[PDB]
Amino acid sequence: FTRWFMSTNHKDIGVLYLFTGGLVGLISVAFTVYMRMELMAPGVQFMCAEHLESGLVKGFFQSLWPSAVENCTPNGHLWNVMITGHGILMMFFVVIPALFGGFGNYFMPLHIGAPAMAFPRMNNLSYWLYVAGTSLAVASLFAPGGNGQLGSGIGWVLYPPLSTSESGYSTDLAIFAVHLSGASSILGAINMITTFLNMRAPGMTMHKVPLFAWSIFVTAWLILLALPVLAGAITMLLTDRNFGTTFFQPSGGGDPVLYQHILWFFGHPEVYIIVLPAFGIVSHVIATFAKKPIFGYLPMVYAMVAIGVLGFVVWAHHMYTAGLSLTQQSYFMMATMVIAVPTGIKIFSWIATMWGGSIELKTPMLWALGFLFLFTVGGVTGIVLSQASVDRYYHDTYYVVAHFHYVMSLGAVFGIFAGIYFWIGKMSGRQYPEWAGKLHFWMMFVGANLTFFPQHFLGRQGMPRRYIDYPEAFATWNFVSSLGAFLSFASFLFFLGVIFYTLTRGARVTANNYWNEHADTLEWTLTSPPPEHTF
């Protein structure tokens, strides 16, 4: 019923965010499949201008079947719209809503022994702002946009003057979408912080709070500083476009590079906002399935705090070729290298946790171990990129695409899957089938590596970002990358089948704690699912 959507309980809101994030995730993943269909071979075969002469529905279906090059006038605007749509959905409407909005709202209060959150009504509103933002982002795709077509082909970070000169109002709708996302995140962040500070159970001191609850707390602080700054940046785009300002227009005395400083001041924190809750989940999962308490609890907390703090002083590593002085480049290179120490270290603590344990290779543990490998592969190419002299070559190439799909995209995704399998029995009263979870893992693991590892080669060979088409020499590794993407997609559809099965006819969960004694936090103390009123 629609008694779900009016609920103010943190558990119901958590579930709403997870399902919604999953659905938006499906839409955005489907964009990537279409993207990889076009990148599978050189020459444009799918995104043909000829499909525009048909209707919106007719044109859609025609563009899913390949044409010969001689019958396909390349439509670069569509490429640009799809990738911008993919990026914006992922960065604002998928992974943070799932990790922070979803698991954050469901589990943090349980972990700190809070029976309710500080602002249940505000929490419900945060969800609705998320949905409204999502709707506007999607609406922008069908709105008068650049080049006399629909949608904005401007990149997820919306650089002016391109974003400010894009025609139609598609771009204004996208800016409004992002405002609504920021508002949702800010309300959530205020809720999380106040709950964490005022509503811990008697006895629950700061040094006894589980790592996941900490990860959410730190993330919430990052949101309160970072998101208001983004709101500034995008309002200035909005006024340049509609209200006669020239913040980013040289003719009026503006500087487009100013936008980049402000955008990236949000933009770096954004990635740590994405991954910090995944760190929390990994810590809970590894401890449970290694049957061994987390190694260095206090260093783990402090490493998270240090990463949070330092993530505000590294932003211009996204701007090494934008015209930064040699002094600026050198500083940001060094600040970036520093943050690599607390971050890359937590990896050793996770391995030390496993060391000497009694390891059970259940589905959630597989995702967690996948995380350790893949986050390392991604983090390590980050180090390469921090070196401005080498970034000269790699910037705006597929090497960067490989990096971030490695540390961030797949890190957040493997953390999300780890959480779902870890917690689905607890949330639903029904258990997933073990063989299917493992099959999902191996399919996703092989698929994702086949998709993204060859993109390192494409970048080293000089393939730029945001290209509908590419020189014939890049064909081999684009083909492999596309096959990987198709296999990952297959694994995701299988996953959705697994979730449907689990929720409709999964084995009944009868235990409060269906794992083992080393799942020692408070949710495993409650029934499965927990009662409407906990503690």
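All residue numbers are counted from 1 along the displayed sequence.
Participant: Compare the mean C-alpha B-factor of 502-510 with that of 483-491 as given in the PDB entry, and name the stretch with the higher value.
Facilitator: Per the PDB entry, the higher value belongs to 502-510.
Participant: Read off the CA B-factors in the entry, average them over 204-212 and over 253-261, and name the higher stretch.
Facilitator: According to the PDB entry, the answer is 204-212.
Participant: Whose C-alpha has the highest temperature factor in the PDB entry: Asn75, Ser409, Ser330, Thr164?
Facilitator: Of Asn75, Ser409, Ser330, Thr164, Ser330 has the highest C-alpha B-factor.
Participant: Just to confirm, going by the entry's C-alpha B-factors, which of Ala368, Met192, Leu450, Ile83 comes out highest?
Facilitator: Out of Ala368, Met192, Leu450, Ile83, the record gives the largest C-alpha B-factor to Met192.
Participant: Where does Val24 sit by CA temperature factor within its chain: lowest, middle or highest third?
Facilitator: Within its chain, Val24 is a lowest-third residue by C-alpha B-factor, going by the deposited values.
Participant: What third of its chain's C-alpha B-factors does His440 belong to: lowest, middle or highest?
Facilitator: For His440, the deposited C-alpha B-factor lands in the lowest third.
Participant: What third of the chain does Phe457 rank in for C-alpha temperature factor, lowest, middle or highest?
Facilitator: For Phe457, the deposited C-alpha B-factor lands in the lowest third.
Participant: Grab the CA temperature factor for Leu310 from the record and place it in the lowest, middle or highest third of its chain.
Facilitator: Ranked within chain, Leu310 CA B lands in the highest tercile.
Participant: How does the C-alpha B factor of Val94 compare with the rest of the chain: lowest, middle or highest third?
Facilitator: Answer is lowest: the recorded C-alpha B-factor places it there.
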